[PDB]
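Undergrad: whatever this is, show me its structure:
(7 chains)
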Amino acid sequence: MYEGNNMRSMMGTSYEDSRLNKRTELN
Amino acid sequence: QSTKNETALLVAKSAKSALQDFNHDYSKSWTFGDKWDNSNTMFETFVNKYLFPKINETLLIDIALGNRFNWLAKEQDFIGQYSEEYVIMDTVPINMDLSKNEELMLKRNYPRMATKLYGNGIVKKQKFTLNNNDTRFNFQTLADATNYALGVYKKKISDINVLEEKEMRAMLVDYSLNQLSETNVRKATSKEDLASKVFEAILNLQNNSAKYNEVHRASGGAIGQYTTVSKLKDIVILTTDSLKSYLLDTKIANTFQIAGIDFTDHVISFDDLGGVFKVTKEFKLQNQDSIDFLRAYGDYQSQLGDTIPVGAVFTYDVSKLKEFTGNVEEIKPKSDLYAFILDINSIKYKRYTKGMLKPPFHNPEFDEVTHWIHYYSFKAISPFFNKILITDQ
Amino acid sequence: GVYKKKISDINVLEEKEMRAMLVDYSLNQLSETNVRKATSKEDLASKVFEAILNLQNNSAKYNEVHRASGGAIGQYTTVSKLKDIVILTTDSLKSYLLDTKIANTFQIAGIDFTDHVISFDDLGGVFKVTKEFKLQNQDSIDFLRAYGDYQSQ
Amino acid sequence: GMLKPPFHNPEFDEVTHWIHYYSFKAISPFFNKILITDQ
Amino acid sequence: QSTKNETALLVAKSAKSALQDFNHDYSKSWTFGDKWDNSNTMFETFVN
Amino acid sequence: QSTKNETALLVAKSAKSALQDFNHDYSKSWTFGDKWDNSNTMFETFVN
Amino acid sequence: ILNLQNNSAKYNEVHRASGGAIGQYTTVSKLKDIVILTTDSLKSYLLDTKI
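TA: Numbering: from 1, shown residues only, chains lettered A, B, ... in the order given. Dropping the coordinates below:
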């Protein structure tokens, strides 16, 4: 809830989950 | 044999190779050039017998391997680790009578809630290293090099599908052999008898019956009943190919196929069930031949002295190595007249493919980048749906 | 979900109740003029497939109008379409009736014969009372409480 | 009207909903019936 | 002292925990779950 | 069996349960809090 | 026929490719690219079955 400087470097964005782009091939 | 050929001696001269310039910290710098003759050997044309042989095409054969159970895969947020599920137990409607204690209107009636608690899945990974200087020696165009770099990546996507399909068809056989109650297990005698039992056991679903689910091995479903129905759009037979070629070869499959369900696509079959192995005794790794055998299939992380816990799976053929014999059994059905009819909603299967391209580590010493592919997959099987196993055991 | 389960077990109750009615009727109340007797399973299959076709005919032979109130003398002729004929049998026998060439030629360019054959695992999970008894034991009360019957003491 | 309005019971704060329905099951003698048994 | 409660035995069986699925290079890949009880624990509700 | 586990003894302690606060007309009012450890049992993660 | 459409490394001759002696290679095949090559005396018997 509390942000401060929330969107910091790579891990603070890695929990703010990233890029469902590649999924598995059949469906 | 032995060849005293002027060109074959030039071919077999390994001190001139490109590999000599990359397995030594000091090497040859300038090329003098070579006399190449195509006379009285292979690569010989009728005109211009002194040119180097040239490639018409190079063809990356990339087969898109598919997971047949991919349409079952829900997607979660990969948060927490315990998934649970619950139903509401049956309370049959009762007749009313107008001559009662009439303060039973004050009395309570709670629902009854059979549950079951599931653990976590596992995170799986694989990597591939692509360099930038020595793999350029064998493509002759940039387009073929980019198609190579893309075909390696799509093969790393395809073997995830192979892994998950083989993993789930190992789950569905391990379940029916070991964990499933012997109330859902019907016993056949011959192949035509088993065919008639499969075709009557499909029709034993679509019925409001509390006989075919394993709700008695849920957490709170020991007393009372729980009634399940199943449509035909979510019934799946899991059997072998030698028996799918006999179930489909009957008139009942023709009358199912005509003006109705596609019975060819509800029968999920494999060659014979199980290429996946289990660990029964917690062993360790001692030999270098077994390490190289594991390196051949891409398992790079295991070294000597690593222990393997009881219940670990392998998904390829391992049981031929000296220290795996006896410690490792196979998920294979006994007496291969075998058919396991389930409701397809019983497979509790969900993944997390959000962010499965982690950003590359460059390694600019050798200029060989590496891409990793991480994914979380949860495979389970729920007790609140109709399951029937038809074996000869 | 508790409420929709209370809606769903009404459907389970009514379906099991009506398939008990249709078996109690044929075993006890139905006249032995409508009752054909088979010997084996292929013989019974041929009798079922000729008895479907014994309907759609203007015949006074197959109704129990003789046990109506005023239909003892005279005749009453009934026809039936195939859109309102239903076979009630078991699953072990539906897996044998559908597995014949006659089911294929019914299914091709015609009625859905899979959906006219209403079948169950084996007919009857419903029980009847023959002697008017009472309830004496607490284990039977708790067994009735497990299935939601709260009012009986 | 098979949702009769609930009784609250605010002593334990546990409401109760009842579901009443009337169902008539019969079977008419004026239609073609055939029973094929081994008895 | 010890405890003969079966769900306490379930908690004590740490072999099925997720920790064993990361210390080792191979593991199980499917879970059958378990019948979780709340009775005679510190985890009871009245109803469910 | 029998388990001499620090967490399983806390789990099997039924006098601390929520059911004790609803099957008695007088009951415990304020919670002190509990030490919960996931070590050498189930529910054990590699981190935290 | 049904032994194809399966992710299996058993049915290709990748072991007689140049570098495929060790390791495995998994192939699938759709039914839109499976072809049986046989005789007419045996096609008149394969087609004459309920399958």
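Undergrad: does the residue nearest to the spatial centre of chain A belong to a helix, a strand or coil?
TA: Nearest to the mean C-alpha position of chain A, by CA atoms, centre = their mean, lies residue A:17 at 2.2 Å. Secondary structure for residue A:17, judged by DSSP: H, G, I helix; E, B strand; the rest coil, is coil.
Undergrad: residues in contact with the nearest residue to residue B:241 once chain neighbours are set aside?
TA: Excluding its sequence neighbours, the residue lying closest to residue B:241 (CB to CB, 6 or more residues apart in numbering or on different chains) is residue G:2, at 4.2 Å. Using the backbone N, CA and C atoms, a C-beta is placed for each residue, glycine as well. Applying CB atoms under 8 Å, 6 or more residues apart in numbering or on different chains, we find residue G:2 in contact with B:241, B:244, B:245, B:269.
Undergrad: need phi/psi at residue G:2.
TA: When read as degrees, to the nearest 10, the backbone of residue G:2 gives phi -80, psi -10.
Undergrad: quick check: phi and psi on the residue in chain A sticking out farthest from the centre?
TA: Residue farthest from the centre of chain A, counting by CA atoms, centre = their mean, is residue A:26 at 24.8 Å. Main-chain dihedrals, residue A:26, degrees, to the nearest 10: phi -70, psi -60.
Undergrad: OK, contacts around it?
TA: By CB under 8 Å, 6+ apart, the residues touching residue A:26 are B:66, B:67, B:68, B:70, B:71, B:161.
Undergrad: from chain E, how far off is the nearest residue to it once chain neighbours are set aside?
TA: Spatially, and ignoring its direct neighbours in sequence, residue A:26 is nearest to residue B:70 (3.7 Å; CB to CB, 6+ apart). Separation of residue B:70 from chain E (CB to the nearest CB, to the nearest Å): 16 Å.
Undergrad: for residue B:288, same thing?
TA: 16 Å.
Undergrad: any idea how far that residue is from chain A?
TA: Residue B:288 is 35 Å from chain A, by CB to the nearest CB.
Undergrad: tell me which residue in the stretch 201-350 of chain B sits closest to chain D.
TA: Going by CB to the nearest CB, chain D is nearest to residue B:208 of the stretch 201-350 of chain B, at 16.2 Å.
Undergrad: meant to ask about the stretch 51-200 of chain B, not that
TA: Chain D sits closest to residue B:108 of the stretch 51-200 of chain B, with a gap of 6.3 Å, by CB to the nearest CB.
Undergrad: got it, and chain A?
TA: residue A:1 (31.1 Å).
Undergrad: that residue: neighbour count?
TA: Neighbourhood size, residue A:1 [other CB atoms under 10 Å in any protein chain shown]: 3.
Undergrad: all the helices of chain A, residue numbers only.
TA: A:10-14 (DSSP state H).
Undergrad: can you name the residue of it nearest to chain C?
TA: residue A:27 (27.8 Å).
Undergrad: also chain B?
TA: residue B:91 (2.5 Å).
Undergrad: look up how far residue D:14 lies from that residue.
TA: 16 Å (CB to CB, to the nearest Å).
Undergrad: first-to-last residue distance for stretch B:211-218?
TA: Stretch B:211-218 has an end-to-end distance of 14 Å (criterion: CA to CA, to the nearest Å).
Undergrad: could you do stretch B:40-54 as well?
TA: End-to-end span of stretch B:40-54 (CA to CA): 18 Å.
Undergrad: in chain A, which residue sits closest to chain E?
TA: Using CB to the nearest CB, the closest approach of chain A to chain E is made by residue A:24 at 15.5 Å.
Undergrad: quick one: that residue from residue B:60, how far?
TA: 21 Å.
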